[PDB]
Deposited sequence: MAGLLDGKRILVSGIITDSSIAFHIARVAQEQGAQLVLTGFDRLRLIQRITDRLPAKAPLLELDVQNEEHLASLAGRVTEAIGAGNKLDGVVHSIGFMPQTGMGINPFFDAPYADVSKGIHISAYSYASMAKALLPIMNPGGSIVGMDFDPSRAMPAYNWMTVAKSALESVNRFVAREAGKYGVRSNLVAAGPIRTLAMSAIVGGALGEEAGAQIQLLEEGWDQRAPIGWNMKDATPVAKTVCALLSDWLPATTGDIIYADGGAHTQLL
């Protein structure tokens, strides 16, 4: 069991297609004891999380709510049992209003929308670490989800900016986590056909070119309908097998980003 006896917090489950769902499933398969955090539709998330191989407490967490962050540690402790701490934290949270991601021109995203997206997608990574590092064990691991933002691309627009910011946040979180003997890293994954992944002919064709370029580039290929390789990479970072890796990005994209054509 890769994660045998490890207590791990998993945020970001909304559907069974969610990257977090797959992380949670693989982590449980690998012996982990999870705590799950959900946003807004908690009774709907519970029906989904009931599909996971093992039972796990579900706690409410809106990263934009300062009360949820202030009480999160006390609530996790109550769930895992007093005297027990977390060995891992998984941030699989992202959000960008349609104005900043999709068909809307780059220049037409109002800052209020961009700011909500950066708050949820990038700032919250620090918010979660701030809240959960006091209840984390030495040898611990914080993992976040990334989509390589080193180059501009169509449609992604302001979410590309939020990922650029998240990569910077990660590096600063590693400085803090280090003080606790905790590692902080991001998994930069290739495109995964979640429920969200209708937009019209132009954008439908844009996502087809990205998805098709990914598999051509990827020397080992890229299956967008399979989230298991991503989930297994997060679990590798949660394990004890990458003990000298922190403030870094691990690419689970089939190698696509290392190839030009």
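- Gaps between the deposited sequence and the modelled coordinates occur at 1-2, 200-205, listed in sequence order.
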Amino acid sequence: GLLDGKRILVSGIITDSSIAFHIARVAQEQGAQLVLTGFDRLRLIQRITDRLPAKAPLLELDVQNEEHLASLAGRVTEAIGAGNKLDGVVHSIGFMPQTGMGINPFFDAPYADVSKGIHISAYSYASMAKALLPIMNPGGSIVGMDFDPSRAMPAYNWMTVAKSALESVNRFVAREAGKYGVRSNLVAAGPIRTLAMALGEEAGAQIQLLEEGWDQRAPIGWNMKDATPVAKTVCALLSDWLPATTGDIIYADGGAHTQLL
From here on, numbers count along this sequence of modelled residues.
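Basically, rigid core = biggest C-alpha set you can superpose within 1.5 Å across the two forms.
- For 210-218 versus 232-240, the mean Cα distance to the shown form in 7 other deposited structures of this protein after rigid core alignment is larger for 210-218.
- When the two stretches 38-46 and 204-212 are set side by side, the higher mean Cα temperature factor goes to 204-212.
- With 71-79 and 168-176 compared on mean CA B-factor from the PDB entry, the stretch scoring higher is 71-79.
- Note on the listed residues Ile103, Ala131, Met96, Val182: the highest Cα temperature factor in the record is that of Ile103.
- As recorded in the entry, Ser127 carries the highest CA temperature factor of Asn157, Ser115, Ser127, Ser141.
- Per the PDB record, residue ranking by Cα B-factor puts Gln30 in the lowest third of the chain.
- Ranked against the other modelled residues of its chain, the C-alpha B-factor of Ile135 as given in the entry falls in the highest third.
- Sort the chain's modelled residues by C-alpha temperature factor and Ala236 lands in the lowest third, per the entry.
- In the deposited entry, the Cα temperature factor of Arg7 places it in the middle third of its chain's modelled residues.
- Ranked within its chain, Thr245 lands in the middle third, by CA B factor from the PDB record.
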